[PDB]
């Protein structure tokens, strides 16, 4: 059948956790790279973009926009969203805290070149003091190998993704959290993630000066 088609530019940005979750669920996908402002304009005028924004994913006859609409849908389809609504609640709660810290990190490279050192320090503070202890606490509390339901879920996917970007920004920040390192190893050892982690996968690099200016032209900022 059809592969989901991801509409975005050749960067991490808001499309990345979508890629991770599809690739962790072993789903093959295609990408159609926006290279210019005209490419996005073309999407807007064809009426493919409900709020005239990307990410957009074509999946199952649907033109889906809004990172959460898409992630949610994908998580459900491939059974990574828990077994019942009480499990979704814990899952939603965990990932929305992961999204909060992940939003900080995503916006960091788009910060003013001097504003960045202060912005990082807040990321170093919220990671060490707030989010990492929250997730280490959940693991220690139930003694289990995954975040919710004693079973792999999207919550496991999203968190380890974050651990990889934290490692990039400050390798020391995970050092006192051995249940998160252990989760990072277990999840990373999974056939689909391991493969997505290897070279040549559709996993994307950090922002550089090239793609940062690419993005300013394309989205108009």
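Numbering follows the first chain given and starts at 1.
- Here 70-78 and 118-126 are compared by their mean Cα B-factor, and 118-126 comes out higher.
- Judged by mean Cα B factor in the deposited record, 105-113 ranks above the other of 105-113 and 146-154.
- Across 159, 43, 65, 182, the greatest Cα temperature factor reported in the deposited entry is at 43.
- In the PDB entry, a CA B factor belonging to the highest third of its chain's modelled residues is recorded for residue 210.
- Among the modelled residues of the chain, residue 7 sits in the lowest third by CA temperature factor in this PDB entry.
- When the CA B factors of the chain's modelled residues are split into thirds, the value for residue 196 lands in the middle one.
- Per the PDB record, residue ranking by Cα B-factor puts residue 49 in the lowest third of the chain.
- Residue 187: CA B factor lies in the middle third for its chain, per the PDB record.
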